[PDB]
4 protein chains.
Amino acid sequence: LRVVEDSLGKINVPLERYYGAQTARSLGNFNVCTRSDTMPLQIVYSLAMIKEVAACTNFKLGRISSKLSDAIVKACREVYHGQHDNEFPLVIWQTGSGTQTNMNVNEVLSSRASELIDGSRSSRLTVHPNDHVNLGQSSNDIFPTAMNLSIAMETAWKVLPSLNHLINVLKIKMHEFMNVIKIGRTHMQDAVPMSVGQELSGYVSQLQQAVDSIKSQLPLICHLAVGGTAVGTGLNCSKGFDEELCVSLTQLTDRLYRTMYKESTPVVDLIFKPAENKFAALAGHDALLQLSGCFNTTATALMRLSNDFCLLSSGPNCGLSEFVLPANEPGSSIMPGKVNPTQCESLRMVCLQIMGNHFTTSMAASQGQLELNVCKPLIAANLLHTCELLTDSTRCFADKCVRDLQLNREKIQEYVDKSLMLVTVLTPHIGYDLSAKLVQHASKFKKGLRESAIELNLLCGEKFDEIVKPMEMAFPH
Amino acid sequence: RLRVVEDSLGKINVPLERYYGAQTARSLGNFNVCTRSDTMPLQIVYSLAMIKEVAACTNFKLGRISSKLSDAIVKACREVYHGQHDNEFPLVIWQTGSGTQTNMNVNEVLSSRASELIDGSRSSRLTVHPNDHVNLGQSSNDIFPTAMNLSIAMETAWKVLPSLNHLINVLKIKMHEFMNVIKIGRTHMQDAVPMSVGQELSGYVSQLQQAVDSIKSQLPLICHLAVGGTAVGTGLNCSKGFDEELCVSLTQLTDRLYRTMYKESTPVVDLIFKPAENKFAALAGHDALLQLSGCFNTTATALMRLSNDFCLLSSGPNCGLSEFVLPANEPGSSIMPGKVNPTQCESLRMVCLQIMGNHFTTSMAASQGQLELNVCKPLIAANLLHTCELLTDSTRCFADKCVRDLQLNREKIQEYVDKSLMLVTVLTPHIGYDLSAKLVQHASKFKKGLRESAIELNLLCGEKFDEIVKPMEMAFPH
Amino acid sequence: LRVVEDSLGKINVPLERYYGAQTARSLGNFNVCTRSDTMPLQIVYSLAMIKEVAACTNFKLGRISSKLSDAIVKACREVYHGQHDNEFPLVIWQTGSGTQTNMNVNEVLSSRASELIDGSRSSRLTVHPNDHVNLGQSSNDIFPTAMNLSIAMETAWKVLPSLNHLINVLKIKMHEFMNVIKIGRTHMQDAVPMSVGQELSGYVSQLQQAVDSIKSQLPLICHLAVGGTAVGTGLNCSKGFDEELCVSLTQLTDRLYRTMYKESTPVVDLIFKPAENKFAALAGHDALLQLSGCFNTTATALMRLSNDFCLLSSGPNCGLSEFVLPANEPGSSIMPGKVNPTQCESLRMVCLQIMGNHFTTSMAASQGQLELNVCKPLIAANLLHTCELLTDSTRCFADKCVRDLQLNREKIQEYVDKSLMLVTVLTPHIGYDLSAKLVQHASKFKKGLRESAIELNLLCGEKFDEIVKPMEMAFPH
Amino acid sequence: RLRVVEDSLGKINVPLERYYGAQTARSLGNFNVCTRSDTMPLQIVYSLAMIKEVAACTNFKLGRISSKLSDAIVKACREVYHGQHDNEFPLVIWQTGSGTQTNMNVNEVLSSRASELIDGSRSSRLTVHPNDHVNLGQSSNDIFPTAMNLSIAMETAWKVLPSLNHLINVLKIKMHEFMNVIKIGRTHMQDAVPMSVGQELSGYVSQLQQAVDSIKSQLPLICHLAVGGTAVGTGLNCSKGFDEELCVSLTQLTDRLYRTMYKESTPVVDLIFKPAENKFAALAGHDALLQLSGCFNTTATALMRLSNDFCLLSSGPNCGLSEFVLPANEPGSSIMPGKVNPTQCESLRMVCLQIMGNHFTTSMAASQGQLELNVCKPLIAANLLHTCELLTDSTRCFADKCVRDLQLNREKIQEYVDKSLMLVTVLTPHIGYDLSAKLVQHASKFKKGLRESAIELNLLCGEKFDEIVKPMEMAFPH
């Protein structure tokens, strides 16, 4: 157990650990779901990235030596390559600025950088957390910068590929079943013929719309608060520091993608720029809430996909039984041989959690107080949870449900034959009023449209077979 | 055409015929926000009129105003809540967050009407002062929350609960009518084991009875009124006993009103008004109303499953489940002739989403307390009263236009009982879960029935099977 | 009382009224908040516009005579110019497709058009609601078309001008007070100097971001379902009807703007195009929910504006008292001469109602069932309520609060003089650790930074006056 | 390294050391969704272990299984809820919506452990079958909702209520310590009339007591368990009396557990488990849990005003209200040295927004019932248990790290009492509202005090004013 000190006095940390007084204090002061609600590591990794480019920029502006800059840079890289995950024990439910996690990163980099320079660990640190590692920075501007950076990388590199994968797997089935005629249902009542491919193209469209909205929003969250310092004025920040750091951060993220993902083109290039208004970048998270809204819309689209796949696979004998979903596992502890649409149920629960995350972000975004919104850790945790949910859940559904989707061709054709709303094609011939008489007749006396149309002397058996052709109704031009 | 009126800020015009004064003319101009559709609910105005009546009587009995004045205020009050002045209240929800301008809107109408009743003529010199007489011993801070609780208590007790009890009672008819009709339960929308249509209907009855019981339990908690707290809850400029006497008189007034409105009828709950134990909490928060909002939120979630289940079970007529036949109340389509839709289900489902949204809005408003006063009061009142009318009208609509004349497709239902392979569930205590699984897998992958599969596999004889496989006995295994 | 008939039998309507059987039935069948929850007239007006261009397009494709087309067209115009508001009594809480309001418009146009042709009103109508007025249309495609059209016009012509007006009034005060130095507050604690203009520029930025998002979303909601008919296949719709109707609707909306608003350029041109995927346009409202999200973000920005104006006008003696808001009315029934920030309280309640409207739309958007989302009237009513709230509330706040905003210059300057976090400029001189000692001293012995800095022999009285200059701290470059 | 396991679908590998079986190996691979952080809460797993214990005992006493088998299941059960197998439960929340895979995850661990306890060695032939023995007379459909209600009942009774009572008790200390310190109330953030700091603190105590009382009242309603309903609520393949005997044994088990955990302690509520009156509603909906979610939502809204009010009142130290001095638990800033922030307020406020969001999520899940089974169960459980831990930890954190050592800036508070012009409110019954308004307008627009303005205007003599203007008497006008 090492001993460290600050303004408030003396406190213990484990001797193995790189974090210091401020981390020790936050550990004890914020004992709220410490087991499960750790600040997301994506925030810690992005803070490490920002401190690296801050070190390089501070050296280029002649504000710090190259001995210090170099040791910090090597410390930063160890953190975002995941060699110090256990140096970050602080929870989401800390200070609303994320100051304590910023100090946590400052203290771990400070002490490690100090170890690399010295060669041993001493009580007197060569690298100061405030004077060196945090130089030209507040938590007020650097925490929002880490929020936007971490969420831009999650969204561009993890979320978009997953959504594109699900779109691509639906497109395979869309084409595979484009010529399979089924009956449309509106208000869950029998409607007119359409193809299975047409129905799948509806989900592809909704998900493509979602992907297009997210791609458009990304460049706007790549506007960074960095350089605003305490209240947005940029006091204690060098002229050009915001612009130079955003250039370096663009190049570091460009290199990082290409180390992580070989022979791939990013779906969107991440070009970081200083925010046009640093006051708005501290006082609000409008651009992150707009992305939250894009994820909310994505969730509502994914909800219909799940619910429609559950409805169309209902059965096997007392339901619709149009769709056959792959059977991945036994369904029931009590009902032997029952197989449930469990990939649909997983996605639907994930979607409700994304929508709830969006309502939480909305309320948190609305709680601005003068110069600083102090719900930042909650906005970060909810958007980063949504990124992981969309990433993992859409890929699960694509691979464990859509990939091996099959049809019950006999049941589907039974529905095409039996829908009374085939009569719809006859309304331009025999009129809307006489078509209703026809359907009312077919229902009462439990007979088909053809037999009924002859029986009421309204259409000849020859004319009926000429007018009513299912596949031509699904594609009428 | 106009009447020059005067406030502490100065003079302004109102139409000659109106009884509303200067602060109403000001509010009207200052808050031009959805003025066509977002008028402060009249239930708040009527409840304020009822409070002003007993407030006058209580102030007279505590020797703070005259019988001449007190008698005049009472008669004007009665004209307002009998609905003889509905055009004297044009202010919107989106006013001051204390509802002060609606309080002063009622103060002015009663001020000037009571003044015309005494003098027998309308002179610009008012005999009854809206602040000194009509608003005597009151703040907007305590009276507007008192009118919120009073308005919502009467809506909830007298309109919402009778509507919910009516829907439960019509569901109970059908529950009894179909208690012995065996259908197949569905879990995960997959075929499961037998149950009765009545057992399935008992599920919605139970959820709706839980909702009624939660609402009946919450009502006496919202009958705790802020009255007597005045500006910040200290009771400054309110005489001792005023709150306790006003609550007794209000209890008696609401008791009389119910028996005027509803003949040969026992109220589902007696509204007994009492002062809140903590007047500071009664001004600074709306916890008791937000708890009632929660009860309505849970009711909406129960009604949502009733809607979605009736839509699902009535799907068809030829390409769906087709267990339920809903009354056909209209033709149904503009292009697909003879198509009838479950429109009563769709109406109720949209209403339930609006109630849940109303609950989310009320939750957010209740969270925005600042020191001594929550200033989102009109928004909380508007959302809660809108939910009361939606619950009242929609549950009765669904009861009378869907459930009352619900019929079954008994042919389709019996088809499902014969074909469900999960009837195998009953064989698990004889051959085990493992060998029961092997059996239904054979029945499924050889398009074969359960009995043929258990013989061909040799798991149970055809006589032993006939013993353990009775659908009516499976729904009521006792 | 006239008598009319349909499939379900015979029913009464008032003899004065133009609506018929389907409207009569919906009146009786959906007795839910009939006093207050009427289907919004903006939906009825947009349905009238669509039926007009449908009549013209049906004639150009040779599918209806010019006698009928012409009478319908004149009927349509009477409705959207507001000469038949009382012919539409149906509520939001009807069928989830809006079929009944579509029939209501069909019946009123049918009967009026029939009156203009005949010259008198007869039981036998010349103009059929289904065969003529609804020709080539379902409620499944025409109700979503009326939703997008009505909300595009509300947003482009009413919402955007109101938001632009509020931005323009904040910009006047932003410039007027750009050189007035005040103290920033973070976590509601004393921070560093900034100008009042800088603080106002934060709200201008957030509202400009909101306006830019809404302008970008409008062209996407101008993609219309029209021509999808029952399930999206376009059965019983003529080839080119969707494309020709969208051309005519673009030109009608262009003319309508210019009759409504003289010597003005629309903020956005409304160019209607057929939706690329008619299935998605029936099964979902993703584009309307994306606009809902833009309105949600706008509400969170307007929330901080309101709450900040309430906080900074707190007083007059026991609060911050930086801002003097115009006194529009007496504040209290009991506390004489008290004046409350009632324009802030109105806007804050409006914003909570917009966010609640967005949560309701989100849940309604998520409830898709196979080919048709049947929560359409609820989505329309909530977005159109939000349009009216944003339109009227932002203009109220702009004109009744921001326009005549004044400052308490003496109180503001007292705060600049007294904030101990002026010490922030000294940390690059005397260090972060020695600056903290300075502030701790100034607090304990209730003395100023200057007197304290000398007393601790840390900075000379001359050097201190040189380093600490408020106006230079707000604009450090 | 691995153990070949077998299900009705086929064979698969698990690590040699693990007690989990085939359906756990399958679920793990099939639902790779936030596997690092969204593990099914262990409270659900422990409650399932407790139910399996009494289920074994009840099945033995009803003559449906052996004492050899029953005794073995009990010992494995105890190892699970004592926390000796936490790494045997790797499945996520985002599994099947019935929680079947977590039910089978517990069935398998108990199956194989009980099998090793009897045989004294782990053979691939299991003496205890997870379906036939451990899951005897049970469905996931009735047992997972039983574990939901049991897990949330114990969290709520034993952790949440003691945390809320602790915060009320620390607020009551300060309420008493400052009952006679006069401050100025603020309505609309404008200066209002005198009140005591203790009166203001009594507002949060009242709101938090209302929350505790609503939660205590809801707890016996969630102790109504789905157990006995099996597949669809009919009780098919459950023996008569099993539910009633299991609930008696569970009551006794939870009673023993409390007294093992907490010494010299009376539970705030006794958990008395009973079968639900309607098993169909107990499977198809979670109305009772959503009502408790509502109670937590209202608690969050009350805690939000406590947070925002403490942040507001502690604003400064030189350019804010500066009435409250919050304990300084840390240095506070990275660039502004000596700046201490109200971090305990910010923590609690973020927690309250998360609880409200959790309530919105739970509301939406509760609305998505389809026929016989709500299949959003893990999501409802996860949200409610997360809210229980947040309420438990955050209210205690705020109590101990903020309220306990709350002090006042008595100088600043007394400045506000002297300067508030709304002290004029007390003069309204003497000179009237109109002439009281004219007075304060003169005092404001001539930078003059109230007494000087009433003399210079001639409204009340300097001696009569000294009679009617006492701040301590204004806060307690009796």
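The basis for the numbers below is simple: all heavy atoms, side chains too, and nothing from hydrogens, waters or symmetry mates. Proteins get letters first, then strands, A, B, ... in listed order; numbering begins at 1 in each.
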Take B/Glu346 and B/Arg349 through the salt bridge (charged side-chain N to carboxylate O under 4.0 Å, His left out) test and state the conclusion after the steps. CA-CA 5 Å; B/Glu346 288 161 11; B/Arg349 174 204 217 161; over 6 Å; no
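- A donor atom on one side chain and an acceptor atom on the other are not found under 3.5 Å apart for C/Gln100 and C/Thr95.
- Under the 4.5 Å side-chain criterion, counting only non-hydrogen atoms from C-beta, B/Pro331 is not in contact with B/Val340.
- Checking B/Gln354 against B/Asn358 by side-chain atom types alone, a donor-acceptor pair falls below 3.5 Å.
- Evaluation of the ring pair (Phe, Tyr, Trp, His ring centres under 6.0 Å) test over residues 181-216 of chain B, restricted to residues two or more places apart or in two chains, returns none.
- No donor-acceptor pair under 3.5 Å is formed between the side chain of B/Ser347 and the backbone N or O of B/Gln344.
- Here the side chain of B/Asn318 pairs no donor or acceptor atom with the backbone of A/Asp417 at under 3.5 angstrom.
- The two atoms that bring B/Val160 and B/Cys388 nearest to each other are CG2-O, 3.4 Å, heavy atoms only.
- Using a distance-only test at 3.5 Å, with no hydrogens or angles considered, no donor-acceptor pair links the side chain of C/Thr34 to the main chain of C/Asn31.
- With C/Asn373 contributing its side chain and C/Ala364 its backbone, the two residues share a donor-acceptor pair below 3.5 Å.
- The salt bridge (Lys or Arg N to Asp or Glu O under 4.0 Å) pairs that include a residue from residues 302-316 of chain B are B/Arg305-B/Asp309, where partners are two or more places apart or lie in different chains.
- Under a cut-off of 6.0 angstrom, the local environment of NZ in B/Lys159 is sparse, with at most 12 non-hydrogen atoms contributed by other residues, nucleotides or ligands.
- Contact check for C/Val374 versus A/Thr186: no side-chain heavy atoms found under the 4.5 Å cut-off.
- Qualifying ring-ring contact (aromatic ring centres under 6.0 Å, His included) partners for B/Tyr258, counting only residues two or more places apart in sequence or in other chains: B/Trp158, B/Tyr262.
- The closest side-chain donor-acceptor pair between C/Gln22 and C/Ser26, if any, does not fall under 3.5 angstrom.
- Side-chain atoms of B/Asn329 come within 3.5 Å of backbone atoms of B/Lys401 as a donor-acceptor pair (strictly under, hydrogens ignored).
- Across all non-hydrogen atoms, the minimal contact from B/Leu321 to B/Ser315 is N-OG, 3.0 Å.
- Side-chain atoms of A/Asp190 never come within 3.5 Å of backbone atoms of A/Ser419 as a donor-acceptor pair (strictly under, hydrogens ignored).
- Counting heavy atoms from C-beta outward, B/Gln207 and D/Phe280 have side chains that stay 4.5 Å or more apart.
- In this model, a donor atom of one side chain and an acceptor atom of the other lie less than 3.5 Å apart for A/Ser333 and D/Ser140.
- To the nearest 0.5 Å, the span separating CD1 on A/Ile334 from OG1 on D/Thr230 amounts to 4.5 Å.
- Put simply, the side chain of D/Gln218 gets close to the backbone of D/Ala288: a donor and an acceptor are under 3.5 Å apart.
- Using modelled atom types, one finds no donor on one side chain facing an acceptor on the other under 3.5 Å when comparing A/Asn408 with A/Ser321.
- Using a 3.5 Å distance cut-off with no hydrogens or angles, the side chains of D/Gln291 and D/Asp287 do not pair a donor with an acceptor.
- When atom types are taken as modelled, the side chain of B/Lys174 and the backbone of B/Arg404 share a donor-acceptor pair closer than 3.5 angstrom.
- For the atom pair CZ of B/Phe296 and CG of B/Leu164, the computed distance is 8.5 Å after rounding to the nearest 0.5 Å.
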